[PDB]
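>
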Amino acid sequence: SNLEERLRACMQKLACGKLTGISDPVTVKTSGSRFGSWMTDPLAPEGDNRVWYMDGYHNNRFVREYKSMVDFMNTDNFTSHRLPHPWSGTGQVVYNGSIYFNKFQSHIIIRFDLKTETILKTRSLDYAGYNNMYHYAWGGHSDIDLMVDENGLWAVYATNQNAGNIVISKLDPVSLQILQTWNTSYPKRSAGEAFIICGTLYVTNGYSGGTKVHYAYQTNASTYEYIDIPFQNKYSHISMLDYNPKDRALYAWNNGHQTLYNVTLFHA
Amino acid sequence: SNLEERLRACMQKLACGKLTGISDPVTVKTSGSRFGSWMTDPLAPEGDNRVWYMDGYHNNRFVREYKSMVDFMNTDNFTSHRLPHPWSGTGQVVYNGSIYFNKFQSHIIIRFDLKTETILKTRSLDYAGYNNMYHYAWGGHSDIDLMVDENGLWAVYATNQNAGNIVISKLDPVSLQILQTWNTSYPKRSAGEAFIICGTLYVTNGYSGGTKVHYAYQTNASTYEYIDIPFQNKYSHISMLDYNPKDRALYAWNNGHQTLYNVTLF
Ligand SMILES: *[C@@H]1O[C@H](CO)[C@@H](O)[C@H](O)[C@H]1NC(C)=O
Ligand SMILES: *[C@@H]1O[C@H](CO)[C@@H](O)[C@H](O)[C@H]1NC(C)=O
Ligand SMILES: *[C@@H]1O[C@H](CO)[C@@H](O)[C@H](O)[C@H]1NC(C)=O
Ligand SMILES: *[C@@H]1O[C@H](CO)[C@@H](O)[C@H](O)[C@H]1NC(C)=O
Ligand SMILES: *[C@@H]1O[C@H](CO)[C@@H](O)[C@H](O)[C@H]1NC(C)=O
Ligand SMILES: *[C@@H]1O[C@H](CO)[C@@H](O)[C@H](O)[C@H]1NC(C)=O
Ligand SMILES: *[C@@H]1O[C@H](CO)[C@@H](O)[C@H](O)[C@H]1NC(C)=O
Ligand SMILES: *[C@@H]1O[C@H](CO)[C@@H](O)[C@H](O)[C@H]1NC(C)=O
Ligand SMILES: C[As](C)(=O)[O-]
Ligand SMILES: [Ca+2]
Ligand SMILES: [Ca+2]
Ligand code: NA
Ligand code: NA
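As given, the protein sequences belong to chains A and B, one line each in that order.
Residue numbering for the first sequence follows PDB author numbering, starting at 212 and increasing by one per position.
Residue numbering for the second sequence follows PDB author numbering, starting at 212 and increasing by one per position.
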């Protein structure tokens with residue numbers, strides 16, 4: 212049981228490569244307000260296709276849980292979980308059964324276990340801005356963006372000591388301690404969103420109109436480059452874009468729609 | 212236990228990289244004739260540190276088994292296994308309990324199970340040269356060279372349809388079928404020795420003198436480049452150079468000496 216998860220994690224790392232393409236988005240659902248996030252747990256056991264869904268970016272503490280991806284498309288059946296604190300932004304992630312989010316109007320990260328419904332850890336992000344200071348271009352208190360890739364848990368934010376440029380920190384999923392930190396050269400307020408695939412942070416140019424990935428920072432070498440990978444902004448406003456390594460897709464909240472993007476990675 | 216093997220094979224592939232260096236050799240044993248091969252199974256279970264030893268490039272069918280590396284260094288304590296046919300060259304490999312070798316005066320490959328002492332599979336290598344035809348630069352009927360890396364079992368040889376240039380084939384360890392073939396443009400006669408690391412074939416400039424790895428063929432892209440990775444030829448003649456994925460080292464038969472090189476990957 213434990214060796215299977217160790218093996219699948221190794222297989223994912225072996226199939227890693229540079230982002231070369233983003234296919235056309237599929238519309239999974241039309242629901243919610245203009246802003247929000249949705250996601251699945253890439254470390255979910257066999258079965259367990261539960262979709263987690265958080266509407267809005269402010270003073271909403273209710274998380275919806277859908278049974279599966281198909282029940283998320285066609286039905287409105289769900290159970291609601293009340294978080295002890297409201298989240299800020301749409302930067303939450305669900306990882307190995309716990310939801311990680313930014314506490315409302317703070318730089319505090321909270322790990323909340325979804326089965327027993329209890330706070331497991333609370334830790335402030337050192338020098339991270341908050342309260343619409345280093346938001347993504349679309350605003351909405353998106354100062355801190357937590358995400359998961361083939362390597363584990365990550366925090367994307369910005370600090371005053373870095374002139375408001377994006378900072379990447381690898382997090383420990385249990386202690387929430389910063390294991391390593393990279394200073395990028397990209398202003399977080401000028402990015403429309405960001406996502407990490409295989410240790411590489413990809414940053415988009417904006418949130419409306421003709422969007423593209425145009426900056427990549429490689430953490431394995433602390434190098435960066437400007438690129439041009441366009442993707443279709445089907446409903447013209449994107450407020451959430453995150454990669455899921457289990458199904459190699461970007462999850463997006465797009466102007467009151469929930470959409471999915473297949474990605475292409477380089478494989479010799 | 213099967214997933215432990217499956218997880219370890221994944222971990223090895225994930226730790227792969229480009230060859231960047233070869234350390235100074237260490238002389239493990241002084242024995243044997245001018246030509247031969249020695250190796251360990253990269254897929255031996257824990258507790259199996261057996262060293263396998265084959266003296267000569269012809270007229271010998273007796274494989275020696277030593278208990279461990281330390282018994283190989285300091286003792287002459289070994290068991291003899293008599294193969295059903297003599298081997299050709301020094302390009303044998305031991306892999307997951309079987310020995311793979313080229314049968315004397317033929318291009319046939321034989322998989323021989325060591326514990327049951329049984330031939331498990333026989334198959335002619337397709338279009339491969341034999342009998343001192345497309346040998347390495349040192350000769351010794353080394354027409355066909357079987358090797359193992361992180362990805363499994365390989366066969367390096369030359370064909371006439373490839374104008375005498377090195378051909379690489381990935382083999383199935385059970386059926387001995389050719390899964391995929393790559394045509395290089397490196398003339399096998401000019402190759403001193405060759406070995407595969409992480410799907411890349413490395414070819415040395417000679418079996419003698421100031422030896423150097425100077426050619427790398429990347430099978431993941433069918434491209435090649437010229438490199439410069441010098442290593443010391445302690446005893447002036449090398450009849451065997453094999454990579455072992457488990458210990459990240461090169462095993463060599465250096466003119467009656469058995470030596471080991473550590474490799475550095477990127
Ligand atoms: C919602 O759930 C109820 C009870 O669990 C079930 O009877 C009903 O069919 C479900 N509706 C949909 C649309 O899935
Ligand atoms: C996921 O959680 C289980 C127990 O709930 C733990 O044993 C396991 O190590 C965790 N996996 C990771 C990758 O942290
Ligand atoms: C990032 O920048 C801050 C302040 O500019 C500095 O204290 C820290 O050492 C930097 N870290 C790296 C990895 O460059
Ligand atoms: C991604 O590709 C898979 C298989 O090619 C397909 O089943 C799935 O529908 C695709 N999803 C998107 C959003 O393109
Ligand atoms: C071989 O092993 C025996 C005992 O098993 C020992 O007495 C003998 O000395 C060993 N051979 C050598 C060359 O040391
Ligand atoms: C090694 O041999 C065993 C037979 O005992 C087999 O089950 C296993 O799959 C083999 N391993 C490889 C990598 O071929
Ligand atoms: C290699 O060359 C032979 C003949 O020269 C040809 O039949 C074969 O298809 C070639 N293989 C590849 C992979 O190019
Ligand atoms: C190779 O490296 C290992 C560990 O660094 C060491 O124990 C061994 O002696 C080295 N062997 C050679 C031949 O340098
Ligand atoms: C999308 As806004 C101006 O409420 O941060
Ligand atoms: Ca994101
Ligand atoms: Ca060799
Ligand atoms: Na996120
Ligand atoms: Na060999």
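Ideal placement from N, C-alpha and C gives every residue a C-beta, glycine not left out.
Less than 8 Å between the beta carbons of residue 390 of chain A and residue 230 of chain A, yes or no?
Result no, Cβ atoms of residue 390 of chain A and residue 230 of chain A do not sit closer than 8 Å.
> Locate the alpha helix (DSSP H) running through residue 215 of chain B, then write down its first and last residues.
Its alpha helix (DSSP H) spans residues 213–225.
> Could you tell me whether the Cβ atoms of residue 227 of chain A and residue 409 of chain A are closer together than 8 Å?
Yes; because the gap between Cβ atoms is below 8 Å, this pair is in contact.
> Is there at least one Cβ from chain A nearer than 8 Å to residue 412 of chain B's Cβ?
No, residue 412 of chain B does not count as interfacial toward chain A.
> Between residue 460 of chain B and the rest of its own chain, which residues show a CB-CB distance below 8 Å, the 5 nearest in sequence each way excluded?
Excluding sequence neighbours, residue 460 of chain B sits near 454, 471, 472, 473, 474.
> Let me have the residue list for ligand 5: C-beta closer than 5 Å to any non-hydrogen atom, ordered along the chain.
Having a Cβ closer than 5 Å to some heavy atom of ligand 5 are B:286, B:287, B:288.
> Determine the direct distance from the alpha carbon of residue 232 of chain A to that of residue 457 of chain A, and round the result to whole angstroms.
Roughly 18 Å separates the two Cα atoms.
> Counting Cβ pairs, one atom from each stretch, are 3 or more of them under 8 Å apart for the region 375–392 of chain A and the region 277–296 of chain A?
Taking 8 Å as the limit for Cβ pairs, the verdict is that the region 277–296 of chain A does not touch the region 375–392 of chain A.
> Looking only at C-alpha atoms, which of B:257, B:239, B:244 sits nearest to residue 212 of chain B?
Measuring from the Cα of residue 212 of chain B, the nearest candidate turns out to be B:257.
> Can you tell which of B:388, B:218, B:418 has the C-alpha that lies nearest to the C-alpha of residue 321 of chain B?
Closest option to residue 321 of chain B, Cα to Cα, is B:388.
> Please state whether the Cβ-Cβ distance between residue 469 of chain A and residue 249 of chain A is less than 8 Å.
Yes, the pair counts as a contact, with Cβ atoms nearer than the cut-off.
> Once you ignore the five residues that flank residue 396 of chain A on each side, which residues in its own chain have a CB closer than 7 Å to its CB?
Excluding sequence neighbours, residue 396 of chain A sits near 376, 435.
> Is it true that the region 328–336 of chain A meets the region 345–353 of chain A, where meeting means three or more beta-carbon pairs spaced less than 8 Å apart?
No contact exists between the region 328–336 of chain A and the region 345–353 of chain A.
> I'd like to check one pair, residue 252 of chain B with residue 245 of chain B: are the Cβ atoms closer than 8 Å?
The answer is no: Cβ separation not under 8 Å.
> Looking at the unbroken alpha helix (DSSP H) that takes in residue 367 of chain B, where does it start and where does it end?
Premise fails: residue 367 of chain B lies in the beta strand (DSSP E), 363–369, not in any alpha helix (DSSP H).
> Using 8 Å as the limit for Cβ to Cβ distance, is residue 381 of chain B near chain A?
So no, residue 381 of chain B is outside the interface.
> What residues from the region 215–241 of chain A come within 8 Å of chain B, judged by C-beta to C-beta, listed N to C?
From the region 215–241 of chain A, only 215, 217, 218, 221, 222, 224, 225 have a Cβ closer than 8 Å to chain B.
> Do residue 367 of chain A and residue 325 of chain A have their C-beta atoms closer together than 8 Å?
No, the pair does not count as a contact, with Cβ atoms beyond the cut-off.
> Return yes when at least one heavy atom of ligand 8 lies under 7 Å from the C-beta of residue 472 of chain B, else no.
Checking every heavy atom of ligand 8 against the Cβ of residue 472 of chain B, one is found closer than 7 Å.
> Can you pull the chain B residues whose beta carbon is under 9 Å from the beta carbon of residue 479 of chain A, in chain order?
429, 431, 432, listed in chain order.
> From what residue to what residue does the alpha helix (DSSP H) around residue 283 of chain B run?
Looking at the DSSP string, the run of the alpha helix (DSSP H) that includes residue 283 of chain B is 280–285.
> Among the candidates A:362, A:316, A:403, A:352, whose CA atom is the shortest distance from the CA of residue 444 of chain A?
Among A:362, A:316, A:403, A:352, the Cα nearest to that of residue 444 of chain A belongs to A:403.
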